[PDB]
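# Observations on chain architecture
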Amino acid sequence: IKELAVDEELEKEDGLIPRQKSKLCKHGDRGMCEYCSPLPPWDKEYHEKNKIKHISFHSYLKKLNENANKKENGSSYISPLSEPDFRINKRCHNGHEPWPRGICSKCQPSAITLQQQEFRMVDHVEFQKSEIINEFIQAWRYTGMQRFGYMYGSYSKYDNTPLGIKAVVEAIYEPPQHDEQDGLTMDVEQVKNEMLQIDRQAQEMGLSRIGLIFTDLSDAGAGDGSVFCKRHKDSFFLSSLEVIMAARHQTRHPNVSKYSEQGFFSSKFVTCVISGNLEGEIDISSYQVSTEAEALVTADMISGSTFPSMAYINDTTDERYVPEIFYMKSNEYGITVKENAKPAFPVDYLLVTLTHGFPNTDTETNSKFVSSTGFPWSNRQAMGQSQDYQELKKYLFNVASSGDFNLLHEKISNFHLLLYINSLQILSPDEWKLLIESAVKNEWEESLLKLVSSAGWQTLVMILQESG
Amino acid sequence: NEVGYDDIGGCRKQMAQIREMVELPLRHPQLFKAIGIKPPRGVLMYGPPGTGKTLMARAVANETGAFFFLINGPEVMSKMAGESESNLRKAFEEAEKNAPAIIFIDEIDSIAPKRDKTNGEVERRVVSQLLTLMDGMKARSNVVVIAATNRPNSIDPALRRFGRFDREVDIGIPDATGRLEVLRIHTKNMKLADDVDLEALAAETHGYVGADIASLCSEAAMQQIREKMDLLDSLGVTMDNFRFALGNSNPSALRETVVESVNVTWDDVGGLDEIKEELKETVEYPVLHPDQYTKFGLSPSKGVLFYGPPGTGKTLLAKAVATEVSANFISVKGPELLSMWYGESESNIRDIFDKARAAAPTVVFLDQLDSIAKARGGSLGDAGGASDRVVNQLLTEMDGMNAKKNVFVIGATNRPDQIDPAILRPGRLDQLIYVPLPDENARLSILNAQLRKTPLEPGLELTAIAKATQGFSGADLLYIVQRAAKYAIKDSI
Amino acid sequence: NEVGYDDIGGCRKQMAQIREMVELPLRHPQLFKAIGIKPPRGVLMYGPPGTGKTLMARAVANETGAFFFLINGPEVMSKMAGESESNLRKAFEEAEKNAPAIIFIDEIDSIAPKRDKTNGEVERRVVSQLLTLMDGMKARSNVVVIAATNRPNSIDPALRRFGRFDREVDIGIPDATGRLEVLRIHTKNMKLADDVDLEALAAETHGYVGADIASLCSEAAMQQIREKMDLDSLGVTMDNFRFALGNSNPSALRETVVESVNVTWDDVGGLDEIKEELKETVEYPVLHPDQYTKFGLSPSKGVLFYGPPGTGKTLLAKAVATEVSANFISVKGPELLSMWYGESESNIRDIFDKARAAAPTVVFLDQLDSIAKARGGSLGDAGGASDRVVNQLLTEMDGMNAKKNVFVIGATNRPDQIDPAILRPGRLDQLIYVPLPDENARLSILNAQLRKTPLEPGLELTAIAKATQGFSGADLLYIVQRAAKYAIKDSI
Amino acid sequence: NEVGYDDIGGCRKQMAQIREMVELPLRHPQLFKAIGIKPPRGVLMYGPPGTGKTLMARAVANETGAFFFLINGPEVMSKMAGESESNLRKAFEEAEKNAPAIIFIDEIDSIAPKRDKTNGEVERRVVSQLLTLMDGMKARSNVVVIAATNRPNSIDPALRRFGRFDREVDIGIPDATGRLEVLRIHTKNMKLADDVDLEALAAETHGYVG
Ligand SMILES: Nc1ncnc2c1ncn2[C@@H]1O[C@H](COP(=O)(O)OP(=O)(O)OP(=O)(O)O)[C@@H](O)[C@H]1O
Ligand SMILES: Nc1ncnc2c1ncn2[C@@H]1O[C@H](COP(=O)(O)OP(=O)(O)OP(=O)(O)O)[C@@H](O)[C@H]1O
Ligand SMILES: Nc1ncnc2c1ncn2[C@@H]1O[C@H](COP(=O)(O)OP(=O)(O)OP(=O)(O)O)[C@@H](O)[C@H]1O
Ligand SMILES: Nc1ncnc2c1ncn2[C@@H]1O[C@H](COP(=O)(O)OP(=O)(O)OP(=O)(O)O)[C@@H](O)[C@H]1O
Ligand SMILES: Nc1ncnc2c1ncn2[C@@H]1O[C@H](COP(=O)(O)OP(=O)(O)OP(=O)(O)O)[C@@H](O)[C@H]1O
Ligand SMILES: [Zn+2]
Ligand SMILES: [Zn+2]
C-alpha cells in the first residue's frame, strides 16, 4: 500500500538530537558514554523543556518500532499500531459463544483509566493569509448569527517540532446551513451531497478537506468590548455536542498507513473554533480529538448531556455493553483515587491541543490563493453576497474591457470563482483542467495566452457582455 | 463448541451431589420458598489436579440453561491503576440483571492466599472486595457461585462462613470401575482393534487419574502412526500399542504424593504361623466388622508401632498386613523432610492428616523416626525457635482426630527408644505389636519366599543353608542368595 | 544468511524424532482425523549448555517457513503490576493470529521454577497463567510450542502433563562419532592441509558438546596466524589442534574433574583378585539386563571397602570411570555437608537424581565417617542436628529402580564410625576389607609408574621392591617421587 | 588524557597478545576473511583493581584512532531496570554507525553476579539483554567489546562460555623489574638529585601495586 508523500519523508529521517561534551563526561574526545550520546526524538523530557506538550507521533512510531523489532530473531513484522477496540468479539474463543448467555474477561472491555494521549497526529496548524479568515468573521458581522465552514489544505514538514507534520490550509468552503443565535444544526444529507462535487475539483487543484471551523462569539455590548469570554479554565473547552460532530468527521476521513493492520490509522484532521481570548480580542484556538479511547466509543456510546463540559453515558440494550469510566478529582478534604460511579463524565480530558499561527508577511514559500478574497462565496445566502452573473460584470469583467495579463491572471486564481465557473460547465473539462492548473501553478504566462486564444474563453466574455 | 453432560465417568457420586445443589435450584425457584429454606449461594470444589475440576463445571452449566459467567484466576489482578475491583463489581452486577446466572471462579487459589503470605498491597484489595461482594447476594437473585481450587489449605480461611461458601465437594481418585468408565468415553471416536481389553488396562492402572487416562489412548495412537508410514487405510489401535504406552510413560506420581497399592500376598515372609493371627485384628476387623466398636463404645486402635531386628521390618512386614483393603498409600519418607525453611515443615503433613479422614480409606506409613523428633523432644530440646515446629503438629493432631472414617497409621523404625515418648501416649498406641527375629523354623521359608520367580531345582535342601544361620537375619539370607545368582549367570557366560 | 537442517549434526536420532511433532500437525493434519485423538503441542528439550538448543529451534523454523516467535526467560518477568501475566497471553494471541506458527521459550526454569524455595512470590501465579493458556488452545493444528532448559528437576512437575508439555526428549552428548559431524560443519569453510584428519580428533575429545569444538577450530586459527610477523597462504596443521587441546580448557570450569583422571586397569599395583571382582560391577549387567529378569532377582546393589589408607582408593575408584567411560561424578565427603540445616537432606537428593538421569553412571564416596556418624549426632540442642544426613540416604538408596544402573562403592579408613545399617546387605553387601600387598604383588606397584617413564633395563626391578617388609602401595610412589628429584642433579 | 603504549609495563608479555586481539581484527579485518572464521568479539581483563585496568583500555584506544564507547558498571545498573536495556541497545547501535569502534566496560561483576542462596536481587533483564545483543552483530563489523572486573570468579559462567567472552588476560601485580619500569615512568618530570636509587627503591617495595 502507498501512504502520503509527507508521511513517507518523516519515516525515513531518524531525527536524532545531537549533544556536546560536558564536565560530567569522563571518556575521551573520540567517544560518548551517556551524557553526549545522541538523544532519541521520542523522549518527553526534552519535549517539556522546550514547552512541547506532545511527543510528535512519527517519533512515537519510532519508539514502538524499537519494541516491535528487536536485536533477537523475531521474524514477525507485527508492528502493533492499531486502534484499541472496546467492542465485544462475538466468537470469544471460549465456551460462552453467545453474548446473551456468557461473557468472560478476555472479551470484556476493561475499565477505562482515562489516561491522556501523549502524541498528536497534527502538531501545528498554520494558515495562509489573515484576509482569508477575516471574511469568515465578516459573515457574522452582517447577519449576527453563527457560521460554519470546511477547510481545504495540504501538509508539509515542520522543523520546530522534532519529527512533526504541520497543517497548511488554503481556502475555506461553507456548506448551506440554517443559522441560529444560540447554536446551529444542519442536515447531514444535503451537505454530503454537496461535498461530493467539491472533492472532484479539489483533486485536480491539489486540495483535500482536512478541517472545519465554527464560530462562537457572544458580543458583549458592541462598543468598547469585542466579545464575551465563554471558554476559559473554569468553563468548558469544547462542548460535548461538538465532540460528536468532530468524531464523525475523523472516521469519514481515514489516514493511510502501512504499519497498521487494517490499512488505516491515526487520522490527520483538525477542528478549529473561533471563541476569543480571556481579556479583549477574538483570538482563535484549535484542538483535535483523541484516537486512543474517544475515536472508537463514538460509534456506540456517546450521549448528550445538559452540561457542556461533560457527556452522559447511557445503558446497555443487549448488544451495547460498556465498561465503567473512572477519573481522579479532589474531594472536599484531600485528593483521592478514582471516584466515578456516576454518569456525566467530562470530555475536556479527551482533547489534545494544537498551536495555531499565521506566517510572516515579509517572506514565504508561496501563498497560491491570494486573488481578492472579496468575491461572493458560494453558499452565503444569509449574507447579501450570493449574486448571479451580475457579479461577474463587477468582479473581473476582463478589466476595463481590455485587460493586461499581469492584472488579469491575479484575479483568476480565486478558489470560489473557479468553483463557480465550472458549475455552468461552458468550457470543456480538458480546457477547464488546464485553466485551474494555470491559476494555481507558476510559469503561467505561456499557458494564459493559450486560454485567451481558445474559443471557450471568447464565448464566456461574449455571453457576459450581453447579459447584465 | 462445548462439552455435553454425560461425558464424565467415575465421578457419579459427586455428580449427584452437585446436580441437586447447583442445577435443581437454578431451574426451579419454587420448592425452597415453600419449604422456607434459602438455597446455598456458594460451592467449593477441590482435590488432586487432573481429576475434572474445570471439566465438570463447564459440563454441568451448559446443558441446563444458564448465563455461565466465566472468570479466570491469573487473568484478574494483572491490571493497572486499580481496576480489578471494577471488573469484579461489574461481574456480579451483570450476572443478576439476567438471572438465572452461574459465576464460575476458576483457580481461586491464585487470588486468595493466607494473610501471612501477603504480597504488596493489591493482593489485600482484591480479597476484601470478594468477601464484601459475596455477602451482597442475600436478596435471592438466583446466582450460584462455583469455585474451583487445587490446594484447600493454602486458601484464606475467611472464605468458609455462613453464606459465603458453606458446602465443599471433594473429588477423589477413581477406582478400578471408575477408571474403566473414563476409558469408554475416551475411545468413542477412536478406531480400535479387537485385541484390546479395557478391563485389563483398568486393573493394571491403579494410581492413574482423570488426566493420565487421556495420555494412555493418545500415545498409543501416536505410536501406531509411527509404524504405519510409507509410500490412511487401517489404523486400529492394537494391544501392543497400549502395552508400550504403559512402559514408556508413567502415572502422575512424579515424586508427588504417591498413588500406588504395591502389596504382597501371604506366605511371602517366611514363617509367621504364630504372628499372622496378631496382625489380622487391626486392618481387617475395623473394615469387616465396624459395629463391634460402635455397640461397645471403644475407640479402634488405628496405630501400631513396629520395631525389630535388621533385615526385614520396614515395608514387607507392614504392607503384607493390608492385603484385603488395597487402597491408596500416601507415605512420608527420607526426602520428605524440612526442605523449605519457612512453612513447609508441617504444612506438607497437614494435607496428610486432614485428608486421611476426607479421602478415606487411606493408609499412611510412618518411618525414619530418628530424623524428625530426636533432639527436639528430648530433655535438652531446641533453644531459639529455629526448627522446634515439628513435635507440635504430630501431637495436636491426635486428640483432634476421631474414628469417624477409615484412618490407619503405621509407625516403623530401627530404634524404638529414639522417638519422643509423647508419640507413645495412651489412647493412640495402646496396641504394641513386636515383630521378632525369624527362628530356624522360619528362616527356611524365607529362602523359599525370596526365591519365588527363580528356576529353582527342588532337589537341593534349603534347610541346610538356613541351619548355618543363627545370628544371620534376612538380609544375610539375601546376601547368601545373591552370590548364588552371580555365578549362575556366569555359567551361561 | 540463515541456518538449515544440514547446519548441525551429531543429533540425527533426536532430529528425526523432533521433526515428527512439528511437520505432521502442520503439513499433513489429516492423519489426526478419523483416529479420534488430538495432536499435541508441547515439545520439551533439555540438556547441558553448548549442545545447540537454540540452534535446533532456529533450524526447524526457517526450514518450514512458519510464523516463528521468541519468548525469552529473564526478559518477560515483571514486577510492576503483573505485566508478565499479560505479556504471556499477548504472545499467545499474536501466534494464534497467524497460521501456522511456532513459539519458543528458552530457559523455562528461570520463569516460575519449583516452589521449594520461593513459594510465595508472583511466580506461583505466573505458572498458573501458563496452565490455563495452554489448556485453552482449542484451535487445532495451528500453534506448536517448544521449550528449552538445562535442569528438568528444578521446574514444577505440573508442566509435565498431558495437555501442556509432554513428549520430553534429552539432547545427549555426541560421543558415537558425533564430534566428527560437528568438525565437518565448522572446518568446511576454513582452508585445510593434507596432514589433518577429523577421525583423529573425536577419539581424544571426551565430552566436547559442540560449543568448545567451535572454539577449538578458532583457537587453532589463532596459532596459525601467530607465527606471521606481517600474498598469504596459511592453511592449518595437525599441531594446531594439538596446541588447542592443551592450551584451552574443555567444559570443566564449573567442576574440576567429573570425567576421569586418565588411568586404566593396570595402573593399580598388584591386586589381581579385586580386578576379577570388579568385573561383577556395572561392566557386567549392562549388556545383559534380561538375565536378572529371567532369574527373577535383583543384582548386587553395593560393595563396601575399608582398610589401610593409600592402597588404591582413588586409583581404582577412578578406574571404573575409564573401563566403561560412563557418566562419572566426583563428590567429596564433607563437600556434601552444607552450612544450612534444611539442605542436609536435599543435597543427597539431587546427587542421586542425577545418577538415575545419567544412566549408566558411576558414583563413589570418600571419608564416610563424617557422613555415617553411628551415634547419630553428638549432643543436640541446636536448630539443626547431624542426624538427617545419614537417615536420608539409607532410605533413598532403597527407593531406587533396580534396572536403572544405580550402585555405590566405598572408600573409608575407620571401620568403627560407620553404622551397622550402612554396611547392611541390599545397600552395601560385600564386606571386603582391602588388604596390604604381599611380596608377590609389590613388584607391579613400582611397575605402575615405570610403564610411562623410560627406566634403564640395567637397573634391577625387584632390587628396590625387596626393601619393602610390610609397606603400603603408596610408599613405592614416594620412592619414585624421591627419585624424581634425585635423577637430574646436574642439568641446571 | 592522551596516553600511549609506553606509559605502562610489567604485563608486556600480555600487552603483546592484547595488541593482536583488539588491533589486528580492527586494522586488518580481511585476514579473518581469508582464513574463513569470524574475528573474536569479547576479551576481558581481571586482577587486582588499581594495576591500571581503566588506563589500559584508554591507552590502546588513543593508539588506534578508533571510536571509544564507555558504559560504566555501577552507573547503568543502578537505574530502575527499564533504562539499562535501552542504554545497551544505544551502545551497540552507535558503535555500528561509526565503525571502527571499541566498547570498554568496567566492573562487570556489579552487572553480572552469580546465582547463589541469597536470592532477592534483580539479577536479570540486563545481562540477558547483553546475551541477545552480543551473539549477533558478527557480520564483519569492526566492533569489539572489552570487559574489566576485580574478582574473575564472581562473574556468571554464561558469559565465559563461547563467542561472548572467550579470551582472558591476567594483569596482576608486577615483579621487581615491573615496578622498576613504572618507577621511571612516574618520575620523568620530578627534578630529583643523584642521591636517589631505582633498583633498590623497586626492590624495597616488593608488593606495591602500580
Ligand atoms: N471423569 C474425568 N475425570 C478427570 N479427568 C477427565 C475425566 N474425563 C475426561 N478427563 C480429562 O481430563 C481433562 C480435564 O481436566 P481438568 O481441566 O479438570 O484439570 P483439573 O486438574 O481437574 O482442573 P484444572 O483445570 O483447574 O487443573 C480433560 O482434558 C479430559 O480429557
Ligand atoms: N520373611 C522375611 N524375613 C526376613 N527377611 C525377608 C523376608 N522377606 C523378604 N526379606 C528380605 O529382607 C529385606 C527386608 O529388610 P527391610 O527392608 O525390613 O530392612 P529393615 O532395616 O528391617 O527396615 P527398617 O529400615 O525399617 O529397619 C528385604 O530386602 C527382603 O529381600
Ligand atoms: N549440530 C550442533 N550440535 C551441537 N552444537 C553445535 C552444532 N552446530 C553448532 N554448534 C555450536 O554450539 C553452539 C550452540 O549453542 P546455543 O547457542 O544453542 O547455546 P544454548 O545454551 O543451547 O542456547 P540457550 O541459551 O537457548 O540454552 C553454537 O555456538 C555452535 O558453534
Ligand atoms: N596399585 C597401586 N597400589 C598402591 N599404590 C598405588 C598403586 N598405583 C598407584 N599408587 C600410588 O598410591 C597413591 C594412592 O593413594 P590414594 O590417593 O588412594 O590415597 P588414600 O589415602 O588411599 O585415599 P583416601 O584419602 O581415600 O584414603 C597414588 O598417589 C599412587 O601414586
Ligand atoms: N603501568 C602501570 N601500572 C600501574 N599503575 C599505573 C601504570 N601506569 C600508570 N599508572 C597509574 O595508576 C592509575 C591507574 O588506575 P586506574 O585508573 O586503572 O584505576 P582502577 O581502579 O584500576 O580502574 P577501575 O575503576 O576500572 O577499577 C593511574 O592513575 C596512573 O597514574
Ligand atoms: Zn559522554
Ligand atoms: Zn471471550
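Time to look at the overall build of chain A. Check the secondary structure of chain A and you find 13 helices and 10 strands. Viewed in the frame of its principal axes, chain A has a C-alpha envelope of about 75 × 65 × 55 Å. Counting only residues that meet the buried cut, chain A has 47% of its 468 residues in that class. Within chain A, contacts between residues separated by at least 24 positions form 68% of all contacts whose residues are at least 6 apart in sequence. Carbon and sulfur atoms make up 53% of the accessible area of chain A, which totals about 25200 Å². For chain A, the distance from the average position of its 48 positive side-chain charges to the average position of its 65 negative side-chain charges is 6 Å.

Here we take up the UniProt feature "binding site: ATP 2" in chain B. According to UniProt, the positions carrying the feature "binding site: ATP 2" are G311, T312, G313, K314, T315 and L316 of chain B. Summarising the element assignment, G311 of chain B is placed in the loop between strand 6 (303–307) and strand 7 (328–329). Under the relative-accessibility criterion, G311 of chain B is labelled partly exposed at 30%. Aside from chain neighbours lying at most four places away, what touches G311 of chain B is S473, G474 and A475 of chain B together with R424 of chain C. When its relative accessible area of 18% is taken as the criterion, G313 of chain B is described as buried.

Take empty space enclosed by the protein next. Residue and element names in this part refer to chain C. One number sums up the size of the largest cavity: a volume of about 300 Å³. Considering the residues around the largest cavity, the lining is formed by 20 residues, among which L336, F352, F364, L365 and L368 are closest to the centre. Where the lining of the largest cavity is concerned, the elements lending two or more residues are helix 13 (333–336), helix 14 (347–357) and helix 15 (390–396). Broken down by element, the lining of the largest cavity gets its largest block of residues, 3 residues, from helix 14. For the lining of the largest cavity, a count of residues per class yields 17 nonpolar, 1 polar and 2 charged.

Lining the immediate surroundings of ligand 3 are 16 residues, of which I8, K53, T54 and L55 of chain C together with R161 of chain D lie closest. Looking at what sits near ligand 3, you find residues from chains C and D. Contact distances for ligand 3 include 2.8 Å between an oxygen atom and a side-chain N or O atom of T54 of chain C. Take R161 of chain D: an N or O atom from its side chain is 2.7 Å from an oxygen atom of ligand 3. Secondary structure elements with two or more residues in the shell around ligand 3: helix 3 (53–62) and helix 8 (211–224) of chain C.

With that out of the way, let us pick up the sheet that holds strand 10 (residues 430–433) of chain C. All names here are of chain C. Spatially, the 3 strands line up as an open sheet ordered 9-6-10, and their pairing is parallel. The sheet is open, and its two borders are formed by strand 9 (408–409) and strand 10, each paired with just one other strand. The pairing of strand 6 (residues 302–306) with strand 9 spans 2 bridges and is classified as parallel. Paired with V303 across the strands is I409, a residue of strand 9.

Here the focus is the nonpolar core. Residues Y152, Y173, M195, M205, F415 and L435 of chain A are the most contacted members of the largest nonpolar core, which totals 39 residues. When residues of this core are traced back to their parent elements, those giving at least two are strand 3 (148–158), strand 4 (164–173), helix 5 (188–205), strand 5 (208–215), helix 8 (390–395), helix 10 (415–424), helix 11 (429–440) and helix 13 (455–466) of chain A. Ignoring sequence-local partners within four residues, the contact set of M205 of chain A consists of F369, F415, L418, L419, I436 and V440 of chain A. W99 and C107 of chain A together with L88 and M134 of chain B belong to the second-largest nonpolar core, a separate cluster that totals 33 residues.

By the burial criterion, the buried members of helix 14 of chain C are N347, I348, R349, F352, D353 and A355 of chain C. Its buried side turned inward, helix 14 of chain C meets helix 13, strand 8 (361–362) and helix 15 of chain C.

Contact residues are listed per partner, giving 77 residues for chain B and 76 residues for chain C. Carbon and sulfur atoms supply 55% of the area buried between chain B and chain C, which totals about 6700 Å² over both sides. Seen at the junction of chain B and chain C, the total is 18 residue pairs in polar contact. Contributing elements (two or more residues each) for the side of chain B that touches chain C: helix 7 (212–227) and helix 16 (474–492) of chain B. A per-element tally of the side of chain B that touches chain C places helix 16 of chain B first, with 13 residues.

Moving on: the layout of surface pockets. All names here are of chain A. By volume, the second largest pocket amounts to about 1000 Å³. What lines the second largest pocket is a set of 37 residues, and nearest its centre among them are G183, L184, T185, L241 and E242. Those elements that provide at least two residues to the lining of the second largest pocket are strand 3, helix 5, strand 5 and helix 6 (240–252). Top contributing element to the lining of the second largest pocket by residue count: helix 6, with 7 residues. A per-class count over the lining of the second largest pocket returns 14 nonpolar, 12 polar and 11 charged.

Next up on the list: a positive patch on the surface. Together, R91 of chain A together with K33, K38, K138 and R140 of chain C make up a positively charged patch on the protein surface. A relative accessible area of 34% places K33 of chain C in the partly exposed class.

Moving on to the site of ligand 4. All names here are of chain C. The local shell around ligand 4 holds 15 residues, among which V268, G269, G310, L315 and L477 are the closest. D267 has a polar backbone atom sitting 3.0 Å from a nitrogen atom of ligand 4. At 3.4 Å, a backbone N or O of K313 approaches an oxygen atom of ligand 4. Burial of ligand 4 by the protein chains amounts to 77% of its free accessible area of 650 Å². Of the residues belonging to the shell around ligand 4, the class tally is 5 nonpolar, 8 polar and 2 charged.

Residues and elements named next belong to chain D. Along strand 3 (residues 101–105), 5 of the 5 residues are buried, which leaves the element largely enclosed by surrounding structure. Residues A101, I103 and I105 point to one face of strand 3 and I102 and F104 to the other, with burial holding for every one of them. Taken together, the 5 bridges between strand 2 (residues 67–71) and strand 3 define a ladder with parallel strand orientation. The residue bridging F69 from the neighbouring strand is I103, located in strand 3. When strand 3 meets strand 4 (residues 143–148), the two strands line up parallel, connected through 4 bridges.

This part is about a negative patch on the surface. All names here are of chain B. A contiguous patch of negative charge on the surface is contributed by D273, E274, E277, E278, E281 and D439. Note on placement: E278 falls in helix 9 (residues 276–279). When its relative accessible area of 36% is taken as the criterion, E278 is described as partly exposed.

The next subject is the UniProt feature "binding site: ATP 1" in chain B. UniProt annotation of "binding site: ATP 1" refers to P49, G50, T51, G52, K53, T54, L55, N150 and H186 of chain B when read in the numbering used here. Judged by maximum C-alpha separation, these annotated positions cover 138 residues in sequence and are scattered in space, the widest gap reaching 24.1 Å. Position of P49 of chain B among the secondary structure elements: in the loop between strand 1 (43–46) and helix 2 (53–62). Residue class for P49 of chain B comes out partly exposed when judged on its relative accessible area of 45%. By the secondary structure assignment, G50 of chain B is in the loop between strand 1 and helix 2. Judged by its relative accessible area of 12%, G50 of chain B is buried. The residues touching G50 of chain B, leaving out its near neighbours within four places in the chain, are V209, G210 and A211 of chain B together with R161 of chain C.

Reading guide: rules and limits
- Residues numbered from 1 in each chain as written, not as in the entry; some residues may be left out.
- Chains lettered and ligands numbered in written order.
- Part of a larger assembly, values for the part shown.
- Heavy atoms only, no water.
- Helix = DSSP H or I, 4+ residues; strand = E, 2+ residues; numbered from the N terminus.
- Buried < 20%, exposed > 50% of the residue type's maximum accessible area, 1.4 Å probe, protein only.
- Contact = heavy atoms within 4.5 Å.
- Areas by Shrake-Rupley, 256 points an atom, 1.4 Å probe, with all protein chains shown as cover.
- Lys, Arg positive; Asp, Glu negative; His and termini not counted.
- Charge placed at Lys NZ, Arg CZ, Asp CG, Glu CD.
- UniProt positions renumbered as here; feature names shortened; annotations may be inferred.
- 1 Å grid on protein atoms, 1.4 Å probe; cavity = no way out; pocket = protein on both sides within 12 Å on 5 of 7 lines; lining within 4 Å.
- Points joined across faces, edges and corners; volume = space filled by probe spheres on them.
- Nonpolar A, V, L, I, M, F, W, Y, C, P; charged D, E, K, R; others polar.
- Near = heavy atom within 4 Å.
- Polar contact = N/O pair within 3.5 Å; in protein donor to acceptor, adjacent residues only side chain to side chain.
- Pairing = 2+ DSSP bridges.
- Core = buried A, V, L, I, M, F, W, Y, C linked by side-chain atoms within 4.5 Å.
- Buried area = accessible area lost by both parts, 1.4 Å probe.
- Patch = residues over 30% accessible without salt bridge, like charges linked within 9 Å, V, L, I, M, F, W, Y side chains within 5 Å.
- Salt bridge = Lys/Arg side-chain N within 4 Å of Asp/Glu carboxyl O.

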